[PDB]
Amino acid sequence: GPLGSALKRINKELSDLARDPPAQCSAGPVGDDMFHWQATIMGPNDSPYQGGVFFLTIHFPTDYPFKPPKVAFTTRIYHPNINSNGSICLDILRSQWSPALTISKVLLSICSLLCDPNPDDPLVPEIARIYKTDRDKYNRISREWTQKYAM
């Protein structure tokens, strides 16, 4: 069924992550449910999040890969495209999703989001304002939150 189709796609991507592991990223099933994953992202070197470890939840819908996976942060982070609930604003997770894309590509796209936010279409307007107009303050506060919650 639809559930059955998603299951084998999930397993395929899981084996591909084993053969070709992502750099500074890892992901896998929480328990024995293949539709519910847990992921980690190291703070990118070219970002004020460097040194921190950020955990994410990944839930695969039953219509995967025809519908995008649902990804959210569990670790708190100071970002204009990520709110206090861990919700993420990213095109690849919605309007620009494609079945040809993978979880590996999603995690890489999130990594880039941490290095270069999209302030013009933000999730947290106040943080976006600081990013655009006072980059030093943005970097300063980002590092502080990294120290407090990502260590």
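Residues carry their position along the shown sequence, with the first being 1.
Remark: stretch with higher mean C-alpha B factor among 128-136 and 13-21 is 13-21. With 86-94 and 23-31 compared on mean CA B-factor from the PDB entry, the stretch scoring higher is 23-31.
Residue-level temperature factors show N118 in the lowest third of its chain, judged at the C-alpha atom.
The PDB entry assigns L101 a C-alpha temperature factor belonging to the highest third of its chain's modelled residues.
Ranked by C-alpha B-factor against the other modelled residues of its chain, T57 falls in the middle third. Among all modelled residues in its chain, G51 ranks in the highest third by Cα B-factor. In this PDB entry, the Cα temperature factor of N45 sits in the top third of its chain's modelled residues, the highest group.
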